[PDB]
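Asker: I have a structure here, written as structure tokens, and I will follow up with some questions on it.
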Amino acid sequence: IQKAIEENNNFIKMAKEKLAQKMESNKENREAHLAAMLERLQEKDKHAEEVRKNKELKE
Amino acid sequence: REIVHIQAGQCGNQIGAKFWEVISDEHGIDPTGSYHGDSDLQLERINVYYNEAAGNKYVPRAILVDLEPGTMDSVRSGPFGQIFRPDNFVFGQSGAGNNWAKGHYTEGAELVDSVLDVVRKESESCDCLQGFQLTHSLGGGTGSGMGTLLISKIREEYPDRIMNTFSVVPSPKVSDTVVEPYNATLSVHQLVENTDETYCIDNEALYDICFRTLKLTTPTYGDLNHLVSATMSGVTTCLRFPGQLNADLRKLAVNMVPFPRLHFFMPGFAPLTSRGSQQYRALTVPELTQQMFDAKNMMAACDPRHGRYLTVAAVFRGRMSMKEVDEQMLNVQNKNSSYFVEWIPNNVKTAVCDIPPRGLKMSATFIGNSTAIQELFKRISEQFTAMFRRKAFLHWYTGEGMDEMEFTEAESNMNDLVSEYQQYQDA
Ligand SMILES: c1cc(CNc2cc3c(cn2)[nH]c2ccccc23)cc(Oc2ccc3c(c2)OCO3)c1
Ligand SMILES: Nc1nc2c(ncn2[C@@H]2O[C@H](COP(=O)(O)OP(=O)(O)O)[C@@H](O)[C@H]2O)c(=O)[nH]1
Ligand SMILES: [Mg+2]
């Protein structure tokens with residue numbers, strides 16, 4: 001009976017742990033995916049600043 | 001000399017209730033527990049199985065055990081339900097799932113101490129307890145797993161008391177689930193150690209009997225249990241009725257069991273009769289003797305001619321010539337003495353009781369300790385191995401804490417038992 005308790009507990013335990021790192025790894029990846037997208041759009045902003053800026057350096 | 005009776009599980013409680021129904025009638029006890037018989041012979045040993053209560057009412061010394069409530073609810077609303085002491089209904093709720101592990105290790109373990117409290121309470125009210133008897137199957141989970149746990153714990157608390165069982169051995173012809181060989185093999189190991197007499201009821205012999213002899217095309221468990229309760233009444237007749245000589249369970253066991261592990265008996269009954277179908281012609285002593293010795297009348301599906309009898313007991317009931325009985329019994333042995341071991345002299349014994357059972361003027365009950373019973377254990381071992389070599393359906397058991405090793409162990413012990421029988425078949 002002790003072995004059965006230990007085995008129901010380890011299964012509950014490893015399932016809790018396997019799920020928790022999955023949800024963390026998914027949190028990390030999705031954030032590192034949206035941030036990369038934003039940062040391409042912000043490099044986009046500087047570039048457009050350099051285009052408006054270069055044009056003023058033209059008169 | 002009181003006996004304490006225990007019935008465990010679906011099968012154990014259904015046959016067990018029939019036993020109390022049948023003998024309660026034989027002793028003139030009505031479903032209320034009130035005596036309404038004619039003779040005093042049917043009350044002289046009534047203490048063996050019934051406790052006497054206030055109001056001159058008789059209460060079976062019976063404990064009813066299950067891990068699910070369905071079958072025991074059906075017992076109380078049943079033909080003789082009211083007679084049982086209500087404190088002796090001991091039951092859980094989760095069931096055993098036809099799983100020996102659940103009955104023996106997890107679900108049964110939770111419940112067993114409560115059962116033993118009732119056993120102890122019934123025992124301490126016994127002037128001289130002479131043993132216990134259990135009814136149960138080996139194919140399910142409660143009667144098989146928890147029944148053998150009870151037997152282990154009873155032997156711990158009462159190590160010198162006789163323990164006998166009626167054990168319904170599973171068979172694929174009449175079968176509920178595929179794991180029955182697993183549960184039976186695990187149970188048999190326990191029975192080999194902790195019982196003095198085990199009457200092996202093979203559920204397919206009961207089937208073949210109901211079909212081929214009583215001409216019942218679709219027999220139910222109820223038809224099967226009519227045959228069993230006829231045998232249960234027969235083999236306990238000489239304890240329940242004053243007669244030729246009275247032996248307590250120990251003395252009976254001493255003279256039937258030459259080797260401690262070979263205590264698995266082949267029961268039989270003559271005449272074989274179906275419910276309702278009225279028998280009008282009484283049998284002659286020669287007819288009873290031929291039939292009770294005939295393979296077709298045996299309830300363990302084993303050919304007695306494939307082995308040798310170590311001991312035999314026969315219980316005739318009704319008015320008949322004990323001289324004619326002696327001559328007919330001596331005629332069977334002297335005509336087939338090659339199926340009896342020559343090294344246990346005078347190993348066939350007989351008793352007669354004047355009280356016949358309900359519906360028959362005359363009957364005979366057969367108790368055979370034959371080495372042919374090994375065929376029953378060979379069948380279980382083959383079915384066990386067919387699944388076990390692939391570890392099939394074991395997850396049901398490993399999930400309750402069991403290791404493969406306990407199965408290997410159970411398999412090896414039963415193969416030892418088979419080989420032990422073979423030693424004495426060739427001696
Ligand atoms: C008590 C006694 C017996 C009979 N045992 C016996 C008889 C004789 C013998 C050796 N042993 N040698 C003999 C020579 C001549 C005549 C008779 C005998 C069997 C028994 O088993 C059960 C188990 C569960 C039950 C049950 C009965 O009824 C309901 O549930 C219990
Ligand atoms: N003779 C007979 N056998 C039964 C009955 N019910 C179940 N069985 C047998 O017992 C096995 C199942 O065990 P079960 O009774 O469920 O054990 P439990 O879990 O202790 O109730 C099967 O192999 C059946 O053949 C019955 O009413 N009569
Ligand atoms: Mg069942």
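In the structure tokens, chains take letters A, B, ... by order of appearance, with residues numbered from 1 within each chain and ligands from 1 in the order shown.
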Check every residue of chain B for an atom within 9 Å of chain A, counting only C-alpha atoms, and provide those that qualify as a PDB file with N, CA and C atoms, in the first residue's frame.
Answerer:
ATOM      1  N   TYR B 105      -5.007  -5.742  -0.489  1.00  0.00           N
ATOM      2  CA  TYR B 105      -3.965  -4.805  -0.082  1.00  0.00           C
ATOM      3  C   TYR B 105      -4.451  -3.385   0.163  1.00  0.00           C
ATOM      4  N   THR B 106      -5.388  -2.858  -0.631  1.00  0.00           N
ATOM      5  CA  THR B 106      -5.765  -1.457  -0.485  1.00  0.00           C
ATOM      6  C   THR B 106      -7.197  -1.258  -0.007  1.00  0.00           C
ATOM      7  N   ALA B 109      -7.913  -3.886   2.882  1.00  0.00           N
ATOM      8  CA  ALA B 109      -7.144  -3.567   4.075  1.00  0.00           C
ATOM      9  C   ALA B 109      -7.855  -2.499   4.891  1.00  0.00           C
ATOM     10  N   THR B 398      -0.286  -3.626 -10.722  1.00  0.00           N
ATOM     11  CA  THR B 398       0.869  -2.803 -10.381  1.00  0.00           C
ATOM     12  C   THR B 398       0.437  -1.424  -9.903  1.00  0.00           C
ATOM     13  N   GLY B 399      -0.731  -0.958 -10.344  1.00  0.00           N
ATOM     14  CA  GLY B 399      -1.259   0.309  -9.878  1.00  0.00           C
ATOM     15  C   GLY B 399      -1.780   0.282  -8.459  1.00  0.00           C
ATOM     16  N   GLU B 400      -1.930  -0.901  -7.866  1.00  0.00           N
ATOM     17  CA  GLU B 400      -2.270  -1.029  -6.455  1.00  0.00           C
ATOM     18  C   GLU B 400      -1.058  -1.369  -5.596  1.00  0.00           C
ATOM     19  N   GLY B 401       0.139  -1.396  -6.180  1.00  0.00           N
ATOM     20  CA  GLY B 401       1.364  -1.586  -5.426  1.00  0.00           C
ATOM     21  C   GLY B 401       2.045  -2.924  -5.607  1.00  0.00           C
ATOM     22  N   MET B 402       1.527  -3.796  -6.462  1.00  0.00           N
ATOM     23  CA  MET B 402       2.081  -5.130  -6.622  1.00  0.00           C
ATOM     24  C   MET B 402       3.210  -5.132  -7.646  1.00  0.00           C
TER      25      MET B 402
END
Asker: Could you list the protein, DNA and RNA residues that have any atom within 6 Å of ligand 1, counting only C-alpha atoms and all ligand atoms, and write them as a PyMOL selection string?
Answerer: chain B and resi 16+19+133-135+164-166+232+235-236+252-253+256+313-315+349-351
Asker: Name each residue within 9 Å of ligand 3, counting only C-alpha atoms and all ligand atoms, as number ranges by chain.
Answerer: B: 9-11, 97-98, 139-141, 175-177
Asker: Return as JSON, numbers by chain the residues of protein, DNA or RNA that approach ligand 2 to within 8 Å, with only C-alpha atoms and all ligand atoms taken into account.
Answerer: {"B": [8, 9, 10, 11, 12, 14, 15, 66, 67, 95, 96, 97, 98, 99, 103, 136, 137, 138, 139, 140, 141, 142, 143, 144, 145, 146, 147, 168, 169, 170, 171, 172, 174, 175, 176, 177, 180, 201, 203, 206, 221, 222, 224, 225, 228]}
Asker: Could you please determine the separation between atom CA of residue 276 of chain B and atom CA of residue 210 of chain B in Å, to one decimal place?
Answerer: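 About the pair atom CA of residue 276 of chain B and atom CA of residue 210 of chain B: they are 13.1 Å apart.
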Asker: Atom CA of residue 319 of chain B and atom CA of residue 37 of chain B are how many Å apart?
Answerer: 19.2 Å
Asker: Nearest residue to residue 278 of chain B out of B:345, B:307, B:243, B:359, using only C-alpha atoms?
Answerer: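 The shortest atom-to-atom distance to residue 278 of chain B comes from B:359.
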Asker: So which residues touch segment 75-79 of chain B within 12 Å, counting only C-alpha atoms, skipping near sequence neighbours fewer than 3 positions away, as a PDB file with N, CA, C and O atoms, in the first residue's frame?
Answerer:
ATOM      1  N   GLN B   7     -19.121 -14.843   4.707  1.00  0.00           N
ATOM      2  CA  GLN B   7     -19.341 -14.843   3.266  1.00  0.00           C
ATOM      3  C   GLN B   7     -18.898 -13.503   2.705  1.00  0.00           C
ATOM      4  O   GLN B   7     -19.274 -12.452   3.233  1.00  0.00           O
ATOM      5  N   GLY B   9     -18.136 -11.046  -0.767  1.00  0.00           N
ATOM      6  CA  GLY B   9     -18.215 -10.696  -2.168  1.00  0.00           C
ATOM      7  C   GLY B   9     -19.516 -11.092  -2.838  1.00  0.00           C
ATOM      8  O   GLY B   9     -20.441 -11.648  -2.241  1.00  0.00           O
ATOM      9  N   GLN B  10     -19.558 -10.783  -4.134  1.00  0.00           N
ATOM     10  CA  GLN B  10     -20.712 -11.073  -4.975  1.00  0.00           C
ATOM     11  C   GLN B  10     -21.075 -12.554  -4.907  1.00  0.00           C
ATOM     12  O   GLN B  10     -22.132 -12.927  -4.385  1.00  0.00           O
ATOM     13  N   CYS B  11     -20.182 -13.419  -5.387  1.00  0.00           N
ATOM     14  CA  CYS B  11     -20.469 -14.848  -5.386  1.00  0.00           C
ATOM     15  C   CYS B  11     -20.598 -15.388  -3.966  1.00  0.00           C
ATOM     16  O   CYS B  11     -21.505 -16.176  -3.673  1.00  0.00           O
ATOM     17  N   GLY B  12     -19.705 -14.971  -3.068  1.00  0.00           N
ATOM     18  CA  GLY B  12     -19.712 -15.524  -1.723  1.00  0.00           C
ATOM     19  C   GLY B  12     -21.019 -15.286  -0.993  1.00  0.00           C
ATOM     20  O   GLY B  12     -21.499 -16.154  -0.261  1.00  0.00           O
ATOM     21  N   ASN B  13     -21.604 -14.103  -1.167  1.00  0.00           N
ATOM     22  CA  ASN B  13     -22.843 -13.783  -0.468  1.00  0.00           C
ATOM     23  C   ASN B  13     -24.058 -14.437  -1.114  1.00  0.00           C
ATOM     24  O   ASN B  13     -25.030 -14.746  -0.417  1.00  0.00           O
ATOM     25  N   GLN B  14     -24.036 -14.645  -2.432  1.00  0.00           N
ATOM     26  CA  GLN B  14     -25.193 -15.241  -3.093  1.00  0.00           C
ATOM     27  C   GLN B  14     -25.318 -16.722  -2.755  1.00  0.00           C
ATOM     28  O   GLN B  14     -26.409 -17.199  -2.419  1.00  0.00           O
ATOM     29  N   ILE B  15     -24.213 -17.469  -2.826  1.00  0.00           N
ATOM     30  CA  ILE B  15     -24.257 -18.866  -2.404  1.00  0.00           C
ATOM     31  C   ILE B  15     -24.443 -18.954  -0.894  1.00  0.00           C
ATOM     32  O   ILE B  15     -25.142 -19.841  -0.390  1.00  0.00           O
ATOM     33  N   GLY B  16     -23.825 -18.036  -0.150  1.00  0.00           N
ATOM     34  CA  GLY B  16     -23.952 -18.066   1.298  1.00  0.00           C
ATOM     35  C   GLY B  16     -25.382 -17.874   1.766  1.00  0.00           C
ATOM     36  O   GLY B  16     -25.848 -18.570   2.670  1.00  0.00           O
ATOM     37  N   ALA B  17     -26.098 -16.925   1.158  1.00  0.00           N
ATOM     38  CA  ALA B  17     -27.493 -16.713   1.526  1.00  0.00           C
ATOM     39  C   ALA B  17     -28.326 -17.954   1.237  1.00  0.00           C
ATOM     40  O   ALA B  17     -29.217 -18.310   2.018  1.00  0.00           O
ATOM     41  N   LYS B  18     -28.051 -18.628   0.118  1.00  0.00           N
ATOM     42  CA  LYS B  18     -28.756 -19.868  -0.189  1.00  0.00           C
ATOM     43  C   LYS B  18     -28.494 -20.922   0.880  1.00  0.00           C
ATOM     44  O   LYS B  18     -29.406 -21.658   1.273  1.00  0.00           O
ATOM     45  N   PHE B  19     -27.255 -21.010   1.365  1.00  0.00           N
ATOM     46  CA  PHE B  19     -26.950 -21.960   2.431  1.00  0.00           C
ATOM     47  C   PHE B  19     -27.851 -21.737   3.638  1.00  0.00           C
ATOM     48  O   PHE B  19     -28.492 -22.672   4.132  1.00  0.00           O
ATOM     49  N   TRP B  20     -27.913 -20.497   4.126  1.00  0.00           N
ATOM     50  CA  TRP B  20     -28.733 -20.199   5.295  1.00  0.00           C
ATOM     51  C   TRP B  20     -30.208 -20.400   4.992  1.00  0.00           C
ATOM     52  O   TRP B  20     -30.974 -20.842   5.857  1.00  0.00           O
ATOM     53  N   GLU B  21     -30.620 -20.078   3.764  1.00  0.00           N
ATOM     54  CA  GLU B  21     -31.992 -20.344   3.344  1.00  0.00           C
ATOM     55  C   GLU B  21     -32.300 -21.832   3.392  1.00  0.00           C
ATOM     56  O   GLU B  21     -33.379 -22.234   3.839  1.00  0.00           O
ATOM     57  N   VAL B  22     -31.374 -22.664   2.916  1.00  0.00           N
ATOM     58  CA  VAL B  22     -31.640 -24.098   2.832  1.00  0.00           C
ATOM     59  C   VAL B  22     -31.645 -24.729   4.220  1.00  0.00           C
ATOM     60  O   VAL B  22     -32.568 -25.473   4.577  1.00  0.00           O
ATOM     61  N   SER B  24     -31.856 -23.229   7.186  1.00  0.00           N
ATOM     62  CA  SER B  24     -32.901 -22.653   8.027  1.00  0.00           C
ATOM     63  C   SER B  24     -34.209 -23.409   7.844  1.00  0.00           C
ATOM     64  O   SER B  24     -34.960 -23.614   8.805  1.00  0.00           O
ATOM     65  N   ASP B  25     -34.498 -23.827   6.610  1.00  0.00           N
ATOM     66  CA  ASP B  25     -35.667 -24.662   6.362  1.00  0.00           C
ATOM     67  C   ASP B  25     -35.491 -26.049   6.967  1.00  0.00           C
ATOM     68  O   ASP B  25     -36.420 -26.590   7.576  1.00  0.00           O
ATOM     69  N   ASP B  30     -38.026 -20.045  10.304  1.00  0.00           N
ATOM     70  CA  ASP B  30     -38.682 -19.249   9.277  1.00  0.00           C
ATOM     71  C   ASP B  30     -37.904 -17.967   9.029  1.00  0.00           C
ATOM     72  O   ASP B  30     -36.970 -17.630   9.762  1.00  0.00           O
ATOM     73  N   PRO B  31     -38.263 -17.216   7.983  1.00  0.00           N
ATOM     74  CA  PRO B  31     -37.521 -15.978   7.680  1.00  0.00           C
ATOM     75  C   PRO B  31     -37.495 -14.977   8.825  1.00  0.00           C
ATOM     76  O   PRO B  31     -36.713 -14.019   8.762  1.00  0.00           O
ATOM     77  N   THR B  32     -38.322 -15.153   9.854  1.00  0.00           N
ATOM     78  CA  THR B  32     -38.295 -14.272  11.015  1.00  0.00           C
ATOM     79  C   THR B  32     -37.299 -14.717  12.077  1.00  0.00           C
ATOM     80  O   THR B  32     -37.076 -13.978  13.043  1.00  0.00           O
ATOM     81  N   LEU B  64     -21.468 -11.068   7.048  1.00  0.00           N
ATOM     82  CA  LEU B  64     -21.629 -10.801   5.624  1.00  0.00           C
ATOM     83  C   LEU B  64     -20.722  -9.641   5.236  1.00  0.00           C
ATOM     84  O   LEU B  64     -20.850  -8.539   5.782  1.00  0.00           O
ATOM     85  N   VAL B  65     -19.820  -9.885   4.287  1.00  0.00           N
ATOM     86  CA  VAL B  65     -18.767  -8.938   3.941  1.00  0.00           C
ATOM     87  C   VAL B  65     -18.795  -8.664   2.445  1.00  0.00           C
ATOM     88  O   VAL B  65     -18.917  -9.588   1.633  1.00  0.00           O
ATOM     89  N   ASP B  66     -18.679  -7.389   2.083  1.00  0.00           N
ATOM     90  CA  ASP B  66     -18.461  -7.002   0.698  1.00  0.00           C
ATOM     91  C   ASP B  66     -17.785  -5.639   0.688  1.00  0.00           C
ATOM     92  O   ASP B  66     -17.823  -4.905   1.676  1.00  0.00           O
ATOM     93  N   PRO B  69     -21.980  -2.285  -1.813  1.00  0.00           N
ATOM     94  CA  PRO B  69     -23.226  -2.586  -1.094  1.00  0.00           C
ATOM     95  C   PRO B  69     -24.315  -3.270  -1.907  1.00  0.00           C
ATOM     96  O   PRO B  69     -25.328  -3.673  -1.318  1.00  0.00           O
ATOM     97  N   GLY B  70     -24.142  -3.429  -3.220  1.00  0.00           N
ATOM     98  CA  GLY B  70     -25.249  -3.880  -4.050  1.00  0.00           C
ATOM     99  C   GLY B  70     -25.754  -5.261  -3.677  1.00  0.00           C
ATOM    100  O   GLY B  70     -26.958  -5.471  -3.512  1.00  0.00           O
ATOM    101  N   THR B  71     -24.841  -6.224  -3.539  1.00  0.00           N
ATOM    102  CA  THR B  71     -25.269  -7.598  -3.300  1.00  0.00           C
ATOM    103  C   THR B  71     -25.841  -7.778  -1.900  1.00  0.00           C
ATOM    104  O   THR B  71     -26.746  -8.596  -1.705  1.00  0.00           O
ATOM    105  N   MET B  72     -25.324  -7.042  -0.915  1.00  0.00           N
ATOM    106  CA  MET B  72     -25.819  -7.188   0.448  1.00  0.00           C
ATOM    107  C   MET B  72     -27.152  -6.482   0.655  1.00  0.00           C
ATOM    108  O   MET B  72     -27.955  -6.921   1.486  1.00  0.00           O
ATOM    109  N   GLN B  82     -34.221 -11.015   6.588  1.00  0.00           N
ATOM    110  CA  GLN B  82     -34.461 -10.465   7.917  1.00  0.00           C
ATOM    111  C   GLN B  82     -33.749 -11.254   9.009  1.00  0.00           C
ATOM    112  O   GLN B  82     -33.460 -10.695  10.071  1.00  0.00           O
ATOM    113  N   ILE B  83     -33.424 -12.525   8.763  1.00  0.00           N
ATOM    114  CA  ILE B  83     -32.931 -13.395   9.828  1.00  0.00           C
ATOM    115  C   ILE B  83     -31.541 -12.988  10.292  1.00  0.00           C
ATOM    116  O   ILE B  83     -31.175 -13.232  11.447  1.00  0.00           O
ATOM    117  N   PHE B  84     -30.737 -12.393   9.416  1.00  0.00           N
ATOM    118  CA  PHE B  84     -29.354 -12.098   9.761  1.00  0.00           C
ATOM    119  C   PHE B  84     -29.264 -10.933  10.744  1.00  0.00           C
ATOM    120  O   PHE B  84     -30.054  -9.987  10.699  1.00  0.00           O
ATOM    121  N   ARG B  85     -28.282 -11.010  11.639  1.00  0.00           N
ATOM    122  CA  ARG B  85     -28.058  -9.948  12.614  1.00  0.00           C
ATOM    123  C   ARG B  85     -27.558  -8.701  11.887  1.00  0.00           C
ATOM    124  O   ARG B  85     -26.499  -8.749  11.242  1.00  0.00           O
ATOM    125  N   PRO B  86     -28.279  -7.577  11.951  1.00  0.00           N
ATOM    126  CA  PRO B  86     -27.914  -6.432  11.096  1.00  0.00           C
ATOM    127  C   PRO B  86     -26.534  -5.863  11.381  1.00  0.00           C
ATOM    128  O   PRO B  86     -25.913  -5.291  10.475  1.00  0.00           O
ATOM    129  N   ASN B  88     -23.978  -7.466  11.589  1.00  0.00           N
ATOM    130  CA  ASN B  88     -23.031  -8.335  10.906  1.00  0.00           C
ATOM    131  C   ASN B  88     -22.952  -8.064   9.408  1.00  0.00           C
ATOM    132  O   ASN B  88     -22.279  -8.812   8.691  1.00  0.00           O
ATOM    133  N   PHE B  89     -23.625  -7.023   8.920  1.00  0.00           N
ATOM    134  CA  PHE B  89     -23.439  -6.542   7.554  1.00  0.00           C
ATOM    135  C   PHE B  89     -22.294  -5.535   7.569  1.00  0.00           C
ATOM    136  O   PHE B  89     -22.442  -4.426   8.092  1.00  0.00           O
TER     137      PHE B  89
END
Asker: Hey, can you check how far atom CA of residue 370 of chain B sits from atom CA of residue 293 of chain B?
Answerer: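 We find that atom CA of residue 370 of chain B and atom CA of residue 293 of chain B lie 11.9 Å from each other.
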Asker: So that I can see what lies close to residue 282 of chain B, please list as a PDB file with N, CA and C atoms, in the first residue's frame the residues with an atom at most 12 Å from it, counting only C-alpha atoms and leaving out residues fewer than 6 positions away in the same chain.
Answerer:
ATOM      1  N   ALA B 270     -25.986 -36.502  -5.330  1.00  0.00           N
ATOM      2  CA  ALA B 270     -26.919 -37.369  -6.029  1.00  0.00           C
ATOM      3  C   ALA B 270     -28.188 -37.458  -5.192  1.00  0.00           C
ATOM      4  N   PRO B 271     -29.377 -37.407  -5.820  1.00  0.00           N
ATOM      5  CA  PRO B 271     -29.611 -37.212  -7.257  1.00  0.00           C
ATOM      6  C   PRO B 271     -29.433 -35.749  -7.650  1.00  0.00           C
ATOM      7  N   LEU B 288     -27.835 -44.293  -5.958  1.00  0.00           N
ATOM      8  CA  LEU B 288     -27.130 -43.200  -5.298  1.00  0.00           C
ATOM      9  C   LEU B 288     -25.625 -43.413  -5.349  1.00  0.00           C
ATOM     10  N   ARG B 317     -28.521 -39.518   3.106  1.00  0.00           N
ATOM     11  CA  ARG B 317     -29.618 -38.924   3.856  1.00  0.00           C
ATOM     12  C   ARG B 317     -30.926 -39.604   3.478  1.00  0.00           C
ATOM     13  N   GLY B 318     -31.773 -39.835   4.476  1.00  0.00           N
ATOM     14  CA  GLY B 318     -33.065 -40.466   4.289  1.00  0.00           C
ATOM     15  C   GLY B 318     -33.110 -41.848   4.923  1.00  0.00           C
ATOM     16  N   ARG B 319     -34.289 -42.466   4.838  1.00  0.00           N
ATOM     17  CA  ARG B 319     -34.450 -43.825   5.335  1.00  0.00           C
ATOM     18  C   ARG B 319     -33.974 -44.815   4.282  1.00  0.00           C
ATOM     19  N   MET B 320     -33.038 -45.671   4.678  1.00  0.00           N
ATOM     20  CA  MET B 320     -32.376 -46.622   3.798  1.00  0.00           C
ATOM     21  C   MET B 320     -31.653 -47.615   4.690  1.00  0.00           C
ATOM     22  N   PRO B 356     -33.944 -36.494   5.576  1.00  0.00           N
ATOM     23  CA  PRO B 356     -33.620 -36.190   4.180  1.00  0.00           C
ATOM     24  C   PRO B 356     -33.758 -34.703   3.911  1.00  0.00           C
ATOM     25  N   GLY B 359     -37.515 -31.978  -0.551  1.00  0.00           N
ATOM     26  CA  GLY B 359     -37.847 -32.370  -1.895  1.00  0.00           C
ATOM     27  C   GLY B 359     -37.325 -33.720  -2.326  1.00  0.00           C
ATOM     28  N   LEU B 360     -36.440 -34.341  -1.551  1.00  0.00           N
ATOM     29  CA  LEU B 360     -35.905 -35.651  -1.887  1.00  0.00           C
ATOM     30  C   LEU B 360     -36.126 -36.594  -0.719  1.00  0.00           C
ATOM     31  N   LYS B 361     -36.669 -37.776  -1.009  1.00  0.00           N
ATOM     32  CA  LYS B 361     -36.710 -38.816   0.006  1.00  0.00           C
ATOM     33  C   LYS B 361     -35.309 -39.322   0.315  1.00  0.00           C
ATOM     34  N   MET B 362     -34.395 -39.240  -0.645  1.00  0.00           N
ATOM     35  CA  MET B 362     -33.073 -39.811  -0.460  1.00  0.00           C
ATOM     36  C   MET B 362     -32.031 -39.121  -1.326  1.00  0.00           C
ATOM     37  N   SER B 363     -30.865 -38.881  -0.725  1.00  0.00           N
ATOM     38  CA  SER B 363     -29.765 -38.174  -1.359  1.00  0.00           C
ATOM     39  C   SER B 363     -28.457 -38.688  -0.779  1.00  0.00           C
TER      40      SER B 363
END
Asker: Could you tell me, as a list in words, which residues of segment 202-332 of chain B DSSP assigns to strand (DSSP E or B) when given the backbone?
Answerer: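 Here are the strand (DSSP E or B) residues of segment 202-332 of chain B: residues 202, 264, 265, 266, 267, 268, 269, 270, 298, 309, 310, 311, 312, 313, 314, 315, 316 and 317 of chain B.
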Asker: Give the answer as one residue: which of B:403, B:324, B:248, B:411 has the shortest atom-to-atom distance to residue 289 of chain B, using only C-alpha atoms?
Answerer: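 Checking each of B:403, B:324, B:248, B:411 against residue 289 of chain B, counting only C-alpha atoms, the winner is B:324.
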Asker: Mind checking which residues fall within 9 Å of residue 404 of chain B, counting only C-alpha atoms, ignoring those fewer than 3 positions away in the same chain, and posting them as a PyMOL selection string?
Answerer: chain B and resi 391+394+398+407-409
Asker: Go ahead and save the picked residues with C-alpha atoms, as a PDB file, in the first residue's frame.
Answerer:
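Output (result_38.pdb):
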ATOM      1  CA  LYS B 391       2.389  -9.138 -18.760  1.00  0.00           C
ATOM      2  CA  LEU B 394      -1.051  -6.447 -14.957  1.00  0.00           C
ATOM      3  CA  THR B 398       0.869  -2.803 -10.381  1.00  0.00           C
ATOM      4  CA  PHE B 407       2.929 -13.055  -9.639  1.00  0.00           C
ATOM      5  CA  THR B 408       6.003 -15.176 -10.438  1.00  0.00           C
ATOM      6  CA  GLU B 409       5.935 -16.450  -6.893  1.00  0.00           C
TER       7      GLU B 409
END
